[PDB]
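Pasting start.txt here (compact mmCIF, C-alpha atoms):
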# COMPACT_ATOMS: atom_id res chain seq x y z
CA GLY A 846 153.97 104.07 93.12
CA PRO A 847 150.72 102.12 93.40
CA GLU A 848 147.27 103.43 94.19
CA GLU A 849 145.60 102.86 97.56
CA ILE A 850 142.08 101.65 98.33
CA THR A 851 141.71 103.41 101.70
CA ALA A 852 139.05 105.96 102.71
CA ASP A 853 141.33 108.97 102.06
CA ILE A 854 139.01 110.64 99.55
CA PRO A 855 138.95 114.45 99.20
CA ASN A 856 136.14 116.91 98.30
CA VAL A 857 133.30 114.53 99.17
CA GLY A 858 130.54 114.94 101.72
CA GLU A 859 130.31 113.17 105.05
CA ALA A 860 127.29 111.19 103.86
CA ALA A 861 129.27 109.88 100.88
CA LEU A 862 131.86 108.50 103.33
CA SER A 863 129.53 107.27 106.09
CA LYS A 864 128.73 104.19 103.97
CA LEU A 865 132.37 103.01 104.06
CA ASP A 866 134.51 101.29 106.67
CA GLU A 867 137.97 102.13 108.01
CA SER A 868 139.51 100.08 105.19
CA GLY A 869 137.55 101.49 102.24
CA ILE A 870 134.91 98.88 101.42
CA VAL A 871 131.17 99.22 102.00
CA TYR A 872 129.66 97.09 104.75
CA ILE A 873 127.68 94.02 103.78
CA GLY A 874 124.03 94.99 103.45
CA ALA A 875 124.09 98.72 102.72
CA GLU A 876 121.25 100.45 100.86
CA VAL A 877 123.47 102.25 98.36
CA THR A 878 121.71 104.45 95.80
CA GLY A 879 122.88 105.86 92.49
CA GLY A 880 125.78 108.26 92.35
CA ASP A 881 127.55 106.90 95.44
CA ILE A 882 130.93 105.28 96.03
CA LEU A 883 131.44 101.60 96.82
CA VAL A 884 135.24 101.48 97.17
CA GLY A 885 137.45 104.52 97.55
CA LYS A 886 140.35 104.24 95.10
CA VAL A 887 142.89 107.07 95.00
CA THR A 888 146.01 107.13 92.83
CA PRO A 889 149.19 109.22 93.21
CA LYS A 890 149.76 111.63 90.33
CA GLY A 891 152.98 113.25 89.19
CA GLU A 892 154.29 116.38 90.85
CA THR A 893 153.81 118.58 87.76
CA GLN A 894 153.87 121.69 89.98
CA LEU A 895 155.64 122.93 93.11
CA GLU B 7 60.23 115.23 96.92
CA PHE B 8 63.07 112.70 97.00
CA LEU B 9 63.46 109.67 99.26
CA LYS B 10 66.51 109.50 101.53
CA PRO B 11 68.28 106.11 101.37
CA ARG B 12 68.73 104.81 104.91
CA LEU B 13 70.79 101.76 105.83
CA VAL B 14 68.30 99.28 107.28
CA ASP B 15 70.00 95.88 107.19
CA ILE B 16 73.54 94.46 107.23
CA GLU B 17 74.35 90.77 106.68
CA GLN B 18 77.62 89.30 107.97
CA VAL B 19 77.44 85.95 106.19
CA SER B 20 81.05 85.39 107.29
CA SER B 21 83.78 87.17 109.22
CA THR B 22 85.87 87.69 106.07
CA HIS B 23 83.18 89.15 103.79
CA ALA B 24 79.71 90.61 104.25
CA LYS B 25 76.95 92.46 102.40
CA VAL B 26 75.07 95.72 102.90
CA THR B 27 71.67 96.80 101.57
CA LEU B 28 70.14 100.24 101.06
CA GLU B 29 66.45 101.10 101.34
CA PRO B 30 64.30 103.22 99.10
CA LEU B 31 66.36 104.80 96.33
CA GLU B 32 64.70 106.68 93.49
CA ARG B 33 64.95 105.38 89.92
CA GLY B 34 68.05 106.47 88.04
CA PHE B 35 70.20 106.87 91.14
CA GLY B 36 71.01 103.15 91.26
CA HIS B 37 74.08 103.36 89.04
CA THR B 38 75.06 106.75 90.50
CA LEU B 39 75.51 105.80 94.16
CA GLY B 40 76.57 102.23 93.42
CA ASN B 41 79.44 103.03 91.06
CA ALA B 42 80.74 105.97 93.11
CA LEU B 43 80.51 104.12 96.42
CA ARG B 44 82.14 101.02 94.93
CA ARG B 45 85.01 103.02 93.49
CA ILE B 46 85.71 105.18 96.56
CA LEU B 47 85.48 102.00 98.67
CA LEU B 48 87.99 100.18 96.48
CA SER B 49 90.31 103.20 96.18
CA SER B 50 90.67 105.14 99.44
CA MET B 51 90.32 103.62 102.91
CA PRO B 52 92.51 103.66 106.04
CA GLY B 53 94.99 100.80 105.81
CA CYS B 54 97.20 99.36 108.55
CA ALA B 55 99.71 97.19 106.71
CA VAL B 56 103.21 96.38 107.97
CA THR B 57 105.87 98.81 106.75
CA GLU B 58 109.19 97.92 108.44
CA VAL B 59 110.84 94.84 109.93
CA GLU B 60 113.98 94.04 111.94
CA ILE B 61 115.13 90.42 111.91
CA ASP B 62 117.49 89.39 114.70
CA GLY B 63 120.35 87.89 112.72
CA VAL B 64 120.31 88.96 109.06
CA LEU B 65 121.92 91.87 107.23
CA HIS B 66 119.83 92.04 104.04
CA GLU B 67 116.69 90.53 102.52
CA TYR B 68 118.67 88.19 100.25
CA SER B 69 120.41 86.16 102.98
CA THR B 70 119.16 82.98 104.70
CA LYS B 71 119.22 82.55 108.46
CA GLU B 72 120.07 79.05 109.69
CA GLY B 73 117.15 76.89 110.78
CA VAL B 74 114.34 78.36 108.65
CA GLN B 75 113.22 76.50 105.53
CA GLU B 76 112.27 79.72 103.70
CA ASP B 77 114.33 82.54 102.26
CA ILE B 78 114.22 85.85 104.10
CA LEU B 79 112.79 87.39 100.93
CA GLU B 80 110.07 84.73 101.12
CA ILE B 81 109.59 85.65 104.79
CA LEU B 82 108.95 89.28 103.87
CA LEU B 83 106.69 88.38 100.95
CA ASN B 84 104.59 86.17 103.24
CA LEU B 85 104.53 88.81 105.99
CA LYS B 86 103.29 91.46 103.53
CA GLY B 87 99.93 89.68 103.41
CA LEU B 88 99.37 89.73 107.17
CA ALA B 89 96.27 91.73 108.11
CA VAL B 90 96.33 93.74 111.35
CA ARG B 91 93.83 96.20 112.81
CA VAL B 92 95.09 99.09 114.95
CA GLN B 93 92.86 101.02 117.35
CA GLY B 94 95.03 102.92 119.83
CA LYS B 95 97.44 105.09 117.85
CA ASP B 96 98.89 105.57 114.36
CA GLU B 97 102.05 103.45 114.78
CA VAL B 98 102.75 100.51 117.12
CA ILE B 99 105.76 98.18 117.40
CA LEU B 100 104.96 94.45 117.37
CA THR B 101 107.39 91.89 118.81
CA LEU B 102 107.73 88.21 117.88
CA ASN B 103 109.63 85.31 119.44
CA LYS B 104 109.30 81.54 119.08
CA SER B 105 111.61 78.52 119.19
CA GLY B 106 111.31 74.79 118.64
CA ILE B 107 109.81 72.63 115.92
CA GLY B 108 106.64 73.80 114.20
CA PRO B 109 105.43 76.80 112.21
CA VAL B 110 104.92 80.34 113.48
CA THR B 111 101.56 82.07 113.14
CA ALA B 112 99.81 85.31 114.12
CA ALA B 113 99.00 83.84 117.55
CA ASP B 114 102.77 83.83 118.23
CA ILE B 115 102.93 87.63 117.95
CA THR B 116 102.72 89.42 121.28
CA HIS B 117 99.16 90.62 121.73
CA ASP B 118 99.08 93.80 123.84
CA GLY B 119 95.57 95.15 124.29
CA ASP B 120 95.73 98.10 121.90
CA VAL B 121 96.52 95.95 118.83
CA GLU B 122 94.25 93.08 117.80
CA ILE B 123 94.85 90.36 115.20
CA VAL B 124 92.13 89.29 112.76
CA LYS B 125 93.61 86.10 111.26
CA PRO B 126 95.36 83.94 113.89
CA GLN B 127 95.54 80.96 111.50
CA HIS B 128 97.66 82.80 108.91
CA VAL B 129 100.99 81.01 108.57
CA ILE B 130 104.30 82.90 108.47
CA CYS B 131 107.00 80.23 108.09
CA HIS B 132 107.80 76.71 109.18
CA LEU B 133 110.75 75.97 111.46
CA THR B 134 112.82 72.80 111.37
CA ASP B 135 115.92 73.02 113.58
CA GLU B 136 115.31 72.06 117.21
CA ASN B 137 117.20 74.92 118.89
CA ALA B 138 116.29 77.52 116.26
CA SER B 139 114.96 80.91 117.33
CA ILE B 140 113.92 84.08 115.51
CA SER B 141 113.10 87.35 117.30
CA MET B 142 111.82 89.75 114.64
CA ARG B 143 110.57 93.29 115.21
CA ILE B 144 107.38 94.30 113.37
CA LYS B 145 106.53 97.91 112.55
CA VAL B 146 103.02 98.90 111.44
CA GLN B 147 101.54 102.34 110.77
CA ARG B 148 98.28 103.76 109.44
CA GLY B 149 97.88 105.24 105.98
CA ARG B 150 96.11 105.01 102.65
CA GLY B 151 96.65 104.24 99.00
CA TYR B 152 99.80 102.49 97.79
CA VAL B 153 103.24 103.63 98.96
CA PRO B 154 106.10 101.51 97.54
CA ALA B 155 109.48 100.96 99.16
CA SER B 156 111.42 103.06 96.65
CA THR B 157 109.54 106.34 97.07
CA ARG B 158 109.62 106.43 100.89
CA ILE B 159 113.45 106.68 100.91
CA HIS B 160 112.85 110.43 100.48
CA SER B 161 112.80 110.92 104.27
CA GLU B 162 116.62 111.21 104.44
CA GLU B 163 116.50 111.14 108.25
CA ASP B 164 119.63 108.96 108.61
CA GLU B 165 117.32 105.92 108.57
CA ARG B 166 120.08 103.47 107.63
CA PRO B 167 120.65 100.82 110.28
CA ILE B 168 121.95 97.58 108.81
CA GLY B 169 119.32 95.42 110.51
CA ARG B 170 116.29 97.40 109.30
CA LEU B 171 114.50 95.86 106.31
CA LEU B 172 111.93 97.59 104.11
CA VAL B 173 108.76 96.11 102.60
CA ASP B 174 106.20 96.98 99.94
CA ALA B 175 103.09 98.45 101.55
CA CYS B 176 99.59 97.14 100.78
CA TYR B 177 97.38 99.88 102.22
CA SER B 178 94.00 98.58 101.03
CA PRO B 179 91.71 96.91 103.59
CA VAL B 180 89.12 95.95 100.94
CA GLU B 181 89.91 93.32 98.32
CA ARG B 182 86.82 92.61 96.18
CA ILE B 183 83.79 94.90 95.87
CA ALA B 184 80.61 94.08 93.97
CA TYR B 185 77.21 95.72 93.75
CA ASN B 186 73.93 95.43 91.91
CA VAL B 187 70.48 97.01 91.81
CA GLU B 188 67.08 95.33 92.04
CA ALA B 189 63.42 96.15 92.63
CA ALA B 190 62.81 97.19 96.23
CA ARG B 191 59.85 96.59 98.53
CA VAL B 192 56.46 97.91 97.42
CA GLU B 193 56.61 101.02 99.66
CA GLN B 194 52.96 101.75 98.69
CA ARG B 195 54.26 102.95 95.29
CA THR B 196 55.77 101.65 92.05
CA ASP B 197 59.38 101.69 90.80
CA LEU B 198 61.34 101.50 94.04
CA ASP B 199 65.01 100.60 93.57
CA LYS B 200 67.32 99.05 96.15
CA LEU B 201 70.97 98.10 95.66
CA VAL B 202 73.01 95.51 97.54
CA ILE B 203 76.80 95.74 97.83
CA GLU B 204 78.92 92.67 98.61
CA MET B 205 82.16 93.57 100.40
CA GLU B 206 85.21 91.28 100.58
CA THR B 207 87.74 92.44 103.18
CA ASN B 208 90.73 91.07 105.04
CA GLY B 209 88.73 91.67 108.24
CA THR B 210 90.32 94.92 109.41
CA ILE B 211 87.22 97.07 108.81
CA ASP B 212 83.54 96.35 109.39
CA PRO B 213 81.24 97.23 106.47
CA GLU B 214 79.07 99.77 108.32
CA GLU B 215 81.95 102.01 109.41
CA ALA B 216 83.48 101.55 105.96
CA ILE B 217 80.32 102.83 104.27
CA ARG B 218 80.06 105.73 106.73
CA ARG B 219 83.66 106.78 106.08
CA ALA B 220 83.35 106.45 102.30
CA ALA B 221 80.14 108.50 102.20
CA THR B 222 81.65 111.12 104.52
CA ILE B 223 84.68 111.45 102.23
CA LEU B 224 82.46 111.73 99.15
CA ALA B 225 80.20 114.36 100.72
CA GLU B 226 83.05 116.44 102.17
CA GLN B 227 84.92 116.41 98.86
CA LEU B 228 81.77 117.23 96.88
CA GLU B 229 80.92 120.14 99.21
CA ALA B 230 83.32 122.19 97.06
CA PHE B 231 80.47 122.45 94.51
CA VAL B 232 79.23 125.75 95.92
CA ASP B 233 80.66 128.31 93.50
CA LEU B 234 80.56 132.11 93.57
CA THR C 72 132.91 119.67 127.12
CA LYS C 73 131.67 122.82 125.35
CA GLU C 74 131.60 124.77 128.64
CA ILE C 75 132.94 123.62 132.01
CA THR C 76 131.07 124.28 135.25
CA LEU C 77 132.02 124.69 138.90
CA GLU C 78 128.71 125.25 140.71
CA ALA C 79 127.33 121.92 139.49
CA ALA C 80 130.84 120.45 139.94
CA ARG C 81 130.97 120.84 143.74
CA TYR C 82 132.66 117.42 143.90
CA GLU C 83 135.59 119.15 142.16
CA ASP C 84 135.57 121.89 144.86
CA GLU C 85 135.25 124.63 142.18
CA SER C 86 138.95 125.19 141.53
CA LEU C 87 138.09 128.18 139.32
CA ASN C 88 135.14 130.49 138.67
CA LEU C 89 132.03 129.47 136.73
CA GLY C 90 132.66 130.48 133.12
CA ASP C 91 136.46 130.61 132.81
CA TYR C 92 137.25 130.25 129.09
CA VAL C 93 141.01 130.09 129.80
CA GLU C 94 143.15 127.23 128.48
CA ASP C 95 142.25 124.23 130.67
CA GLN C 96 142.66 121.32 128.24
CA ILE C 97 145.34 119.60 126.17
CA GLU C 98 145.67 117.29 123.17
CA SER C 99 148.56 115.10 122.02
CA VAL C 100 148.65 114.53 118.24
CA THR C 101 146.43 114.29 115.17
CA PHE C 102 147.09 112.53 111.86
CA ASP C 103 143.84 113.11 109.91
CA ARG C 104 144.89 111.29 106.74
CA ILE C 105 141.31 111.24 105.43
CA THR C 106 140.89 114.88 106.51
CA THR C 107 143.81 115.92 104.28
CA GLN C 108 141.33 117.83 102.10
CA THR C 109 140.12 119.83 105.10
CA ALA C 110 143.74 120.36 106.13
CA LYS C 111 144.57 121.70 102.65
CA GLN C 112 141.53 124.00 102.73
CA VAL C 113 142.57 125.31 106.16
CA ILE C 114 146.12 125.81 104.87
CA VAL C 115 144.74 127.76 101.89
CA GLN C 116 142.71 129.95 104.25
CA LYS C 117 145.79 130.51 106.43
CA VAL C 118 147.84 131.40 103.34
CA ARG C 119 145.18 133.91 102.28
CA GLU C 120 145.16 135.43 105.78
CA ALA C 121 148.97 135.66 105.79
CA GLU C 122 148.94 137.30 102.35
CA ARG C 123 146.35 139.82 103.56
CA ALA C 124 148.47 140.55 106.64
CA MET C 125 151.59 141.01 104.50
CA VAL C 126 149.74 143.34 102.12
CA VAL C 127 148.48 145.32 105.12
CA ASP C 128 151.95 145.61 106.67
CA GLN C 129 153.39 146.61 103.27
CA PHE C 130 150.76 149.19 102.28
CA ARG C 131 148.70 150.53 105.20
CA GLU C 132 151.85 151.27 107.23
CA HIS C 133 152.83 153.81 104.56
CA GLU C 134 149.16 154.71 103.86
CA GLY C 135 148.77 152.46 100.85
CA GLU C 136 151.15 153.60 98.12
CA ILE C 137 151.34 157.33 97.33
CA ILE C 138 152.96 156.93 93.92
CA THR C 139 151.95 156.75 90.26
CA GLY C 140 150.88 153.24 89.32
CA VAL C 141 148.91 151.12 86.85
CA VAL C 142 145.63 149.21 86.94
Serialized structure, structure tokens:
Amino acid sequence: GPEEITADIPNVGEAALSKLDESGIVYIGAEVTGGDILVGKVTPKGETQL
Amino acid sequence: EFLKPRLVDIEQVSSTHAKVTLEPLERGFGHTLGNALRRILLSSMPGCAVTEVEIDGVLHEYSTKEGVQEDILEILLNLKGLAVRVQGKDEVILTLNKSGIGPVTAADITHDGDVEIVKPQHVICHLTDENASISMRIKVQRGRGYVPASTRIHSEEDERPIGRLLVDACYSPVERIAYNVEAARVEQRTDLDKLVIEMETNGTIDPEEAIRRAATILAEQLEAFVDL
Amino acid sequence: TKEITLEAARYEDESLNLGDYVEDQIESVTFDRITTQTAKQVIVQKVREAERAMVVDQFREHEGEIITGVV
């Protein structure tokens, strides 16, 4: 399967996600600093464990 | 046995810049008071520069609103040089609105009684489109020194609205300071030294209050020289 | 929302007493796709609680385990 670019990102703070939209792309004109996310990309891994 | 220097005359040759003279000062002290006063004057005074803006229809400083012949970055760079005196409180919101052909100046800023403008003829930006209108919000606060845009992000008070635009502060009311010493009036004695200080300001502060504040700072800070 | 009132809600005729924490609300459904991490953490906490309850019901009912064992 392919990876998604939505906002479904785990183990990140609320501030790290408040700079994103409902689709997963930062709004135009956002004062982003270092160490932050611009687009949330998440990929499906193999099962590897049940 | 010393002679106390007392301010006796002040010359406002122009509104922008003036000069101040001091009366009898004993020999040797001429380069003491002059250098220290010049340097404290040039370094640390209460400034009232603009610190925040909110343009009506832009999202960042790099865009260009329709109808204005300048870039928004150019707008902010021009607005940084605006000189404003504040008397009432430590932070006041200033509102602007103008439409139609012609430039916009300080006289176009709303002029509530507490805040007074010093340079009405300072130009902000031209305007070309007939039905073009800009309604910017101006934020000014008191302070001192030199606070840049980068370091003040430390507040972390959720101060991230899209329409709020930061500037580089210029908290320094004085611009050019000069001084020199010369022989004073006879004063029924020999070797009397007087110094004259020429002060170039943006007009926010009058020289007499400036000298009073600088001397008060110097004396209060030096009062720590009473050891055990 | 955090605490209903009846005295200040005289327009509602005070159908119950002031300070009734009984079930008087309802929800329909929740997806929480982004909150899947919080859901997994809550599931882990629930699994730990269930394991603790199972250990309790398996040991403390018979006063732990009165038998020779290993560490």
Point-to-point distance in Å for atom CA of residue A:862 and atom CA of residue A:850
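Going from atom CA of residue A:850 over to atom CA of residue A:862, I get 13.3 Å.
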Record the distance separating atom CA of residue B:56 and atom CA of residue B:146, expressed in Å with one decimal.
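That distance, rounded to one decimal, is 4.3 Å.
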Could I get the residues of chain B with an atom no further than 9 Å from an atom of chain A, each paired with its nearest atom pair and that distance in Å to one decimal, using only C-alpha atoms, sorted by chain and residue number, as CSV?
residue,atom,partner,partner_atom,distance
B:65,CA,A:874,CA,5.3
B:66,CA,A:874,CA,5.2
B:67,CA,A:874,CA,8.6
B:166,CA,A:876,CA,7.5
B:167,CA,A:875,CA,8.6
B:168,CA,A:874,CA,6.3
B:169,CA,A:874,CA,8.5
Mind listing as a short mmCIF file (atom, residue, chain, number, x, y, z; two decimals) with C-alpha atoms, keeping the file's coordinate frame which residues of chain C are within 10 Å of chain A, counting only C-alpha atoms?
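Output saved as part.cif:
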data_model
loop_
_atom_site.label_atom_id
_atom_site.label_comp_id
_atom_site.auth_asym_id
_atom_site.auth_seq_id
_atom_site.Cartn_x
_atom_site.Cartn_y
_atom_site.Cartn_z
CA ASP C 103 143.84 113.11 109.91
CA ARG C 104 144.89 111.29 106.74
CA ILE C 105 141.31 111.24 105.43
CA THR C 106 140.89 114.88 106.51
CA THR C 107 143.81 115.92 104.28
CA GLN C 108 141.33 117.83 102.10
CA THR C 109 140.12 119.83 105.10
CA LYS C 111 144.57 121.70 102.65
CA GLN C 112 141.53 124.00 102.73
#
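Between atom CA of residue B:11 and atom CA of residue B:28 the interatomic distance comes to 6.2 Å.
Among the candidates B:125, B:20, B:29, B:95, the one nearest to residue B:199 when counting all atoms listed in the file is B:29.
Residues lying at most 6 Å from (110.8, 81.9, 116.9) in file coordinates, with only C-alpha atoms considered, are residues 103, 104, 105, 139, 140 and 141 of chain B.
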So that I can see what lies close to residue A:847, please list as a list in words the residues with an atom at most 12 Å from it, counting all atoms listed in the file and leaving out residues fewer than 4 positions away in the same chain.
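Counting only the stated atoms, we get residues 886, 887, 888, 889 and 890 of chain A.
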Expected file: the selected residues, C-alpha atoms, as a PDB file, keeping the file's coordinate frame:
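Contents of part.pdb, as written:
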ATOM      1  CA  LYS A 886     140.350 104.240  95.100  1.00  0.00           C
ATOM      2  CA  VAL A 887     142.890 107.070  95.000  1.00  0.00           C
ATOM      3  CA  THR A 888     146.010 107.130  92.830  1.00  0.00           C
ATOM      4  CA  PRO A 889     149.190 109.220  93.210  1.00  0.00           C
ATOM      5  CA  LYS A 890     149.760 111.630  90.330  1.00  0.00           C
TER       6      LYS A 890
END
Polymer residues at most 10 Å from residue C:89, only C-alpha atoms, same-chain spacing of 5 or more positions, as a VMD selection string
chain C and resid 74 to 80
Which neighbours of residue B:191 fall inside 12 Å, counting all atoms listed in the file, when residues of the same chain fewer than 3 positions from it are skipped, and could you give them as a VMD selection string?
chain B and resid 28 to 31 188 194 to 201
Compile the contact shell of residue B:68 as a PyMOL selection string: residues with an atom at most 8 Å away, counting all atoms listed in the file, same-chain residues fewer than 3 positions apart removed.
chain B and resi 77-79
Which polymer residues have any atom within 9 Å of an atom of residue B:76, counting only C-alpha atoms, with same-chain residues fewer than 4 positions away left out, as a VMD selection string?
chain B and resid 70 to 71 80 to 81 131 to 133
Take stretch 846-862 of chain A, bring it up to N, CA, C and O atoms, and give me the output as a compact mmCIF listing (two decimals), in the coordinates of the input.
# COMPACT_ATOMS: atom_id res chain seq x y z
N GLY A 846 154.64 104.69 92.00
CA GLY A 846 153.97 104.07 93.12
C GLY A 846 152.58 103.56 92.79
O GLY A 846 151.97 103.96 91.79
N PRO A 847 152.06 102.67 93.62
CA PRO A 847 150.72 102.12 93.40
C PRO A 847 149.64 102.92 94.10
O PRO A 847 149.89 103.65 95.07
N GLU A 848 148.42 102.77 93.60
CA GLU A 848 147.27 103.43 94.19
C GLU A 848 146.78 102.68 95.42
O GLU A 848 146.99 101.47 95.56
N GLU A 849 146.12 103.41 96.31
CA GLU A 849 145.60 102.86 97.56
C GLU A 849 144.08 102.80 97.51
O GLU A 849 143.42 103.56 96.79
N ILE A 850 143.52 101.87 98.28
CA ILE A 850 142.08 101.65 98.33
C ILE A 850 141.51 102.06 99.69
O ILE A 850 140.47 101.54 100.10
N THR A 851 142.15 102.99 100.38
CA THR A 851 141.71 103.41 101.70
C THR A 851 140.55 104.40 101.56
O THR A 851 140.00 104.61 100.48
N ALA A 852 140.16 105.02 102.68
CA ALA A 852 139.05 105.96 102.71
C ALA A 852 139.52 107.41 102.57
O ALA A 852 138.72 108.33 102.76
N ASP A 853 140.79 107.63 102.24
CA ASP A 853 141.33 108.97 102.06
C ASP A 853 140.84 109.51 100.72
O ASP A 853 141.52 109.42 99.70
N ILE A 854 139.64 110.08 100.73
CA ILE A 854 139.01 110.64 99.55
C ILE A 854 138.73 112.11 99.81
O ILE A 854 138.07 112.44 100.80
N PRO A 855 139.21 113.03 98.97
CA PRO A 855 138.95 114.45 99.20
C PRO A 855 137.61 114.90 98.64
O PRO A 855 136.90 114.11 98.02
N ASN A 856 137.27 116.17 98.89
CA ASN A 856 136.14 116.91 98.30
C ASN A 856 134.90 116.04 98.09
O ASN A 856 134.26 116.05 97.03
N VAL A 857 134.54 115.30 99.13
CA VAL A 857 133.30 114.53 99.17
C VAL A 857 132.62 114.77 100.51
O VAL A 857 133.28 115.04 101.52
N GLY A 858 131.29 114.69 100.51
CA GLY A 858 130.54 114.94 101.72
C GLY A 858 130.69 113.84 102.75
O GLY A 858 131.17 112.74 102.47
N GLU A 859 130.26 114.15 103.97
CA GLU A 859 130.31 113.17 105.05
C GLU A 859 129.37 112.00 104.80
O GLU A 859 129.68 110.87 105.17
N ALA A 860 128.22 112.27 104.18
CA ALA A 860 127.29 111.19 103.86
C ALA A 860 127.89 110.22 102.85
O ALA A 860 127.69 109.00 102.95
N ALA A 861 128.64 110.73 101.87
CA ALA A 861 129.27 109.88 100.88
C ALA A 861 130.34 108.98 101.48
O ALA A 861 130.71 107.97 100.86
N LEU A 862 130.86 109.31 102.66
CA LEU A 862 131.86 108.50 103.33
C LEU A 862 131.32 107.70 104.51
O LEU A 862 132.01 106.80 104.99
